[PDB]
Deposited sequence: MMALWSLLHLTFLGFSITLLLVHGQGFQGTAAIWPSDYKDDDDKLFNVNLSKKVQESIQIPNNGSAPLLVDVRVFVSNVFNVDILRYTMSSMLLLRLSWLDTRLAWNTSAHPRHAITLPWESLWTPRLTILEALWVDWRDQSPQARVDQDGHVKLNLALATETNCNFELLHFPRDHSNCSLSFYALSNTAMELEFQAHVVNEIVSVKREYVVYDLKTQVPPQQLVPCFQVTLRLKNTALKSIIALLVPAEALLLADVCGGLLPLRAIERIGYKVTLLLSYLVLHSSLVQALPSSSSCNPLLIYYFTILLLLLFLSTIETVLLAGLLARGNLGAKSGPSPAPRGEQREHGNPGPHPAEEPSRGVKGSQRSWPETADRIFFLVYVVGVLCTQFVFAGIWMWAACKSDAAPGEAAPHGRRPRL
């Protein structure tokens, strides 16, 4: 039973060098706030109890079941699920006692996406590997990350990868932090361009005379089209607790503007049916509406240029597990 026990480095804790290869980051689900990735962990340590004389055994390296010798069990706190692609990994031990273990795992880990500037948003995703069964006085970690992502043509691109060992911890752990940027043009072309086109179409349709019967139907059909587009957007974009994306607010403002234009058109047409004052009011409202649309565009551009989110840290983030 002593073989299964963690090797004793002496007064200092045992040092395990971890090399992390990020094979891919495939699913990035903003709706579920989850990021899916594939990792290869190479864990290397020294176990002098496993060292053998080369004269007795000619082999320079052997393979042993992971349940025979001591292997540090790693658990990811943020991972919704972990799938280890090896049922029973085999640890490779050199003649000097160096033990190297290779683990391939696909993990769906929780990531806090800052979706305020969607679609051009940047987020930080953290994968914290914890050795729950061990203590900091017994185990120490050196984590190195190697960028080996096999796919680059995706909506989200990882552009910064790093590893850190947080100080003042009781449970030994290492955190791999990556930065995700969204470069997908699907959302923009899908929603923003049709929305701007519909808004400009409504602005130009405001030129139609009040007495024309084709103006009301035109405006209402545009309103229905924008209602469909807004429904698609809101069903597509996730809703945060504190910092919702600016796009939903922008589309809500545009929807209210289109509704206001349609209601004004219908009300003034009805009043005129019962240059009269409805026509002058319609012209004044058209000028005011064009000015307001331009002002709304400029104000939202300024907001997008200078918006900030002071999202309060979650209890897990503010007070992480296994510290002090």
Checklist line | Sequence ranges absent from the coordinates, based on the deposited chain and numbered from 1 | finding: 1-54, 329-367, 418-420
